[PDB]
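Numbers and lists here come from the model and the stated rules, or from a named source; no laboratory read-out is quoted. Here Cβ is always computed from backbone atoms with ideal geometry, including for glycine, and neighbour counts include all displayed protein chains.
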Amino acid sequence: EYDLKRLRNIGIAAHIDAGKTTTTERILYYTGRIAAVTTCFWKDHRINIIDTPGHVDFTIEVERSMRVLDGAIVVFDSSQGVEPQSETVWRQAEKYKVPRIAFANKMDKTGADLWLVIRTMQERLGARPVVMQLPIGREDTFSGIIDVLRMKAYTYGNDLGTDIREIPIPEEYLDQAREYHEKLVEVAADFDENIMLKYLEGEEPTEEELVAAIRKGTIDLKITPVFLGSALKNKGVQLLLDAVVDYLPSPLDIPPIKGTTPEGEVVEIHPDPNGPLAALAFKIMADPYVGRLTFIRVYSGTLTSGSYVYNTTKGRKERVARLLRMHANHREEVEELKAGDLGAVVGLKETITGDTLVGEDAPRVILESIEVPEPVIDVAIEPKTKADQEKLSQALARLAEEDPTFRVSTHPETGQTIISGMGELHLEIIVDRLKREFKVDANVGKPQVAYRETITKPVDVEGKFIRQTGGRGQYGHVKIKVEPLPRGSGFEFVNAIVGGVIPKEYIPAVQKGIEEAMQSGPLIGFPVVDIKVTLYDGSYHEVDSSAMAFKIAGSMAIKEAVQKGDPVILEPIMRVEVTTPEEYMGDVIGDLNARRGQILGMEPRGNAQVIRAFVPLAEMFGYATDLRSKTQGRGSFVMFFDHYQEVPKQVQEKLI
Ligand SMILES: Nc1nc2c(ncn2[C@@H]2O[C@H](COP(=O)(O)OP(=O)(O)O)[C@@H](O)[C@H]2O)c(=O)[nH]1
Ligand SMILES: [Mg+2]
């Protein structure tokens with residue numbers, strides 16, 4: 001009941017509204033005649049369907065979901081062929097070196113041309129797609145599908161899937177069918193030698209030869225077999241399954257994952273159920289009654305239900321209580337989860353999305369990197385009126401655990417809770433996450449940028465404090481030397497008091513006091529970073545001095561002594577991989593250098609052209625729509641924070 005050669009772990013990446021969701025939903029209907037990844041069966045093959053992100057912008061989620069799957073299907077709204085975003089989604093496919101096939105959906109829709117896809121496929125996606133099926137009909141006249149591979153046709157009596165009759169191709173669509181059979185074998189002959197020789201001598205190859213050959217090609221990334229249908233009208237979907245088994249890869253065709261030994265050495269993990277074990281927990285999905293199910297693709301070895309696996313990313317052991325394969329209607333308990341297969345685990349306390357798992361006495365291989373995002377997008381948030389402040393921070397509790405990658409901070413002045421993250425969308429999703437499924441309605445603020453502040457020249461000034469007989473005598477007096485530290489060298493304190501000049505007891509306050517003003521730079525009101533303070537002189541009032549009057553004695557000096565060291569804003573200067581069609585280069589490169597950018601290289605990937613840059617995050621708000629407009633939607637870009645840098649003189653002056 002387990003042959004690695006019969007699995008087929010696949011995804012469904014479509015432009016929104018192409019039918020990512022409606023194709024799957026109709027894919028289960030046909031499979032199930034007997035939710036992250038959702039196993040199922042078609043002619044003696046298992047087909048674990050990983051879920052690919054909703055919006056294809058999701059990059060990181062996308063990265064994962066990619067890594068987790070073997071084959072993949074692209075769904076094209078056959079109104080517009082490869083859609084602008086369906087164009088962008090192909091980019092991701094191209095990237096992660098994943099074999100695939102394509103689905104012309106909506107052939108009933110008014111606006112139903114196949115060739116439209118084919119043309120703008122090779123034309124816009126550099127695909128060299130191959131035609132395997134020809135419609136019988138056009139719009140709402142669409143009556144079937146021809147398989148030019150096997151030279152037969154299927155018909156569809158009703159818009160249901162109740163009626164599918166195998167019919168010999170109509171005399172009408174015959175001369176077209178024959179031309180494309182040939183033209184195809186010309187692509188099969190491109191892979192099999194025995195096929196060419198039979199094309200020439202005029203011999204008909206064999207269905208296997210054909211399909212066998214076409215498969216090497218689909219797989220080895222040299223084509224993209226192309227079928228069509230309407231998932232709405234329930235036609236050609238079966239074929240699409242007959243496709244997947246035929247062309248889409250088992251976990252044995254795709255290459256082994258690049259895993260990293262702890263010594264640095266990066267070795268390759270070969271799909272072997274009877275060897276050391278490792279897996280990837282990509283999806284921490286919170287079930288109802290069962291609890292924290294974490295979803296895992298297994299690469300080597302076997303997962304036994306009731307065992308002790310090692311969370312290699314965190315470092316703590318985990319116990320696998322039950323092993324689940326979630327199906328279309330119901331769950332499933334299993335004892336094994338072998339290699340190349342996918343599923344759900346029960347237990348695993350401290351295991352988050354991405355964490356790698358290996359088994360007890362097994363090599364500690366990590367599969368995912370170590371990216372801890374520098375916090376760059378600050379967002380301010382009052383509750384509704386402290387009716388929703390209740391379930392505000394108690395809401396962050398669940399959110400924090402399963403995702404480490406975001407600050408939470410109460411802002412100095414306004415006391416507004418402040419959420420510090422990576423990207424913009426990263427933050428926006430949580431608003432919908434909170435103002436809806438968390439029942440935390442409230443007052444939101446515009447994304448801000450993580451400006452930090454610092455000095456440049458070394459200063460040397462004090463910070464007294466006097467409030468005598470109010471209510472009992474109060475007093476305290478510091479004298480400090482501050483100098484600027486190198487970038488992202490952060491804080492350093494030094495105590496060079498001679499002795500006795502200030503009481504030993506009261507230093508903590510001076511420190512607690514410095515630390516409290518470094519949350520408010522004089523330039524805007526952002527955390528002062530990169531500095532070296534030195535307490536060296538002072539005075540005290542023997543009775544009047546107190547833990548309060550030296551917290552203030554000290555705060556009054558870090559505040560004051562900043563506005564003297566020629567203060568300076570620093571800003572987040574990002575790193576960008578913008579994907580533009582080769583035609584819009586001279587156009588958007590201009591866009592970067594308008595946003596104080598500094599272009600680095602340009603290296604080709606696919607029919608496209610990618611460009612590495614140094615735009616200030618400060619100049620990035622709305623860059624999506626500005627590039628979607630300059631590439632007519634064809635563009636796409638990704639950020640990866642790089643460093644903090646100074647702001648130029650004219651940049652600062654305006655910053656108030
Ligand atoms: N004409 C036509 N419309 C479809 C078909 N499949 C899906 N749709 C429409 O696609 C829209 C959204 O598709 P959806 O399942 O949400 O795809 P997704 O947005 O990419 O996940 C729905 O409003 C459907 O009516 C099809 O085969 N033919
Ligand atoms: Mg959808």
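How about segment 290-331: which of its residues are more than 26 Å from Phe41 (Cβ to Cβ) and out of contact with any strand residue (DSSP E or B) (no Cβ under 9 Å at 6 or more places or on another chain)?
Correct list: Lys314, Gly315.
So which residues in segment 282-302 are within 15 Å of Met326 (Cβ to Cβ) and either not assigned by CATH to the domain that holds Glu332 or not in a loop (DSSP other than H, G, I, E, B) (or both)?
Quick first cut of segment 282-302, residues within 15 Å of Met326 (Cβ to Cβ) only: 282-297.
Within segment 282-302, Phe282, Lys283, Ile284, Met285, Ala286, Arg292, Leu293, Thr294, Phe295, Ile296, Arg297 qualify.
Go through (1) within 30 Å of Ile284 (Cβ to Cβ); (2) surrounded by fewer than 24 Cβ atoms within 10 Å (Cβ to Cβ); (3) basic (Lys, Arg); (4) within 16 Å of ligand 1 (Cβ to nearest atom) one by one and return the number of the condition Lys109 breaks.
It is condition (1) that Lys109 fails.
For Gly54, are the conditions met, namely being outside the structural domain of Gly633 (by CATH) and either crowded, with 17+ Cβ neighbours inside 10 Å or away from ligand 2 (no atom under 16 Å from the Cβ) (or both)? Give the derivation first.
On the way: outside the structural domain of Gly633 (by CATH): yes; either crowded, with 17+ Cβ neighbours inside 10 Å or away from ligand 2 (no atom under 16 Å from the Cβ) (or both): no.
No; evaluated as a whole, the condition is false for this residue.
Find all pairs meeting these conditions: Cβ atoms under 8 angstrom apart; at least six residues apart or on different chains; first residue within segment 94-120 and outside the structural domain of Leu241 (by CATH); second residue more than 16 Å from ligand 1 (Cβ to nearest atom) and part of a loop (DSSP other than H, G, I, E, B).
Correct list of pairs: empty, since none qualify.
If you take just the strands (runs of 3 or more DSSP E) that sit entirely in segment 316-382, which of them hold at least 3 residues that are surrounded by 13 or more Cβ atoms within 10 Å (Cβ to Cβ) and more than 25 Å from the chain's Cα centre (by Cα)?
Values: elements: 317-324, 342-347, 356-359, 377-382.
Counting at least 3 such residues, we get 317-324.
Consider only pairs whose beta carbons are under 9 Å apart and that are at least six residues apart or on different chains; among these, list those whose first residue lies in segment 298-317 and is on the phi > 0 side of the Ramachandran plot and whose second residue is among the small types (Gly, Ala, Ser) and part of a loop (DSSP other than H, G, I, E, B).
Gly301/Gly275; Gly301/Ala339; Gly301/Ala362
Criterion first (crowded, with 21+ Cβ neighbours inside 10 Å and within 14 Å of ligand 2 (Cβ to nearest atom)) does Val68 satisfy it? If you could, list the steps in order and put the result at the bottom.
Details: crowded, with 21+ Cβ neighbours inside 10 Å: yes; within 14 Å of ligand 2 (Cβ to nearest atom): no.
It is false that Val68 is crowded, with 21+ Cβ neighbours inside 10 Å and within 14 Å of ligand 2 (Cβ to nearest atom).
Hey, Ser79 hits all of (1) buried (at least 22 other Cβ atoms within 10 Å of the Cβ); (2) part of a loop (DSSP other than H, G, I, E, B) but one; which does it fall short on?
(1)
What's the total number of residues in segment 504-540 that are more than 23 Å from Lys457 (Cα to Cα) and surrounded by 16 or more Cβ atoms within 10 Å (Cβ to Cβ)? Give the derivation first.
So the first thing to find is which residues in segment 504-540 are more than 23 Å from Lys457 (Cα to Cα), and the list is 504-509, 512, 539-540.
Restricting the remaining residues to those that are surrounded by 16 or more Cβ atoms within 10 Å (Cβ to Cβ) gives 506-507, 509, 540.
Selection size over segment 504-540: 4.
Filter segment 8-17 down to the residues that are among the β-branched types (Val, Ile, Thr) and more than 12 Å from ligand 1 (Cβ to nearest atom) and list them by number. Break it down stepwise before answering.
We begin by selecting, within segment 8-17, every residue among the β-branched types (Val, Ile, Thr); these are 10, 12, 16.
Matches in segment 8-17: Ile10 only.
Anything in segment 1-42 that is in a loop (DSSP other than H, G, I, E, B) and more than 16 Å from ligand 2 (Cβ to nearest atom)? List them, or say none. Break it down into steps so the answer makes sense when it comes.
As a first pass, look at segment 1-42 and keep what is in a loop (DSSP other than H, G, I, E, B): 1-3, 7-9, 11, 15-19, 32-36, 39-40.
Scanning segment 1-42 gives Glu1, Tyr2, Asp3, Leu7, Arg8, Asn9, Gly32, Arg33, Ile34, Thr39, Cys40.
Could you grab me the full set of residues in segment 253-275 that are assigned to a loop (DSSP other than H, G, I, E, B) and surrounded by fewer than 14 Cβ atoms within 10 Å (Cβ to Cβ)? Talk me through it step by step, then tell me what you get.
Narrowing segment 253-275 to residues assigned to a loop (DSSP other than H, G, I, E, B): 253-256, 259, 261-267, 270-275.
The answer is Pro255, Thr261, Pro262, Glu263, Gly264, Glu265, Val266, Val267, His270, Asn274.
Please verify whether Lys5 is away from ligand 1 (no atom under 13 Å from the Cβ) and among the basic types (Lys, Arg), treating the condition exactly as stated. Spell out how you get there, then give the answer.
Working: away from ligand 1 (no atom under 13 Å from the Cβ): yes; among the basic types (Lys, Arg): yes.
In short, yes.
Can you name the condition, by its number, that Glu87 falls short on among (1) surrounded by fewer than 21 Cβ atoms within 10 Å (Cβ to Cβ); (2) part of a helix (DSSP H, G or I); (3) within 16 Å of ligand 1 (Cβ to nearest atom)?
With respect to (1) surrounded by fewer than 21 Cβ atoms within 10 Å (Cβ to Cβ); (2) part of a helix (DSSP H, G or I); (3) within 16 Å of ligand 1 (Cβ to nearest atom), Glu87 is out only on (1).
Could you run through segment 18-69 and say how many residues are within 11 Å of ligand 1 (Cβ to nearest atom) and not hydrophobic (A, V, I, L, M, F, W, C)? Lay out the reasoning, then the answer.
First, the residues of segment 18-69 that are within 11 Å of ligand 1 (Cβ to nearest atom): 18-26, 51-56.
If we keep only those that are not hydrophobic (A, V, I, L, M, F, W, C) as well, we get 19-26, 51-55.
Adding up the residues that qualify gives 13.
Working only within segment 392-421, note down all residues that are in a loop (DSSP other than H, G, I, E, B), farther than 24 Å from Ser520 by Cβ and in contact with a helix residue (DSSP H, G or I) (Cβ under 9 Å, 6 or more places away or on another chain). Even if it seems obvious, please write down each step before you answer.
Of segment 392-421, the ones in a loop (DSSP other than H, G, I, E, B) are 402-406, 411-416.
Within this subset, residues satisfying the condition of being farther than 24 Å from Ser520 by Cβ are 402-405.
Scanning segment 392-421 gives a single hit, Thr405.
I need the full set of residues from segment 516-538 which are among the polar types (S, T, N, Q) and outside any strand (DSSP E or B), in order please. Lay out the reasoning, then the answer.
The initial filter retains those residues of segment 516-538 that are among the polar types (S, T, N, Q), namely 519-520, 534.
Within segment 516-538, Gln519, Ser520 meet the criteria.
Name the residues in segment 93-118 that are assigned to a loop (DSSP other than H, G, I, E, B) and within 16 Å of ligand 2 (Cβ to nearest atom), would you?
In the first step, residues of segment 93-118 are kept if they are assigned to a loop (DSSP other than H, G, I, E, B); the result is 96-100, 106-113.
Of everything in segment 93-118, just one residue is assigned to a loop (DSSP other than H, G, I, E, B) and within 16 Å of ligand 2 (Cβ to nearest atom), namely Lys106.
Can you tell me which residue among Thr405, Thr385, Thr410 is β-branched (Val, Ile, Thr) and closer than 25 Å to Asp287 by Cα?
On the way: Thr385 fails: closer than 25 Å to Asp287 by Cα; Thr410 fails: closer than 25 Å to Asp287 by Cα.
That would be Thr405, the only listed residue that is β-branched (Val, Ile, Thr) and closer than 25 Å to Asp287 by Cα.
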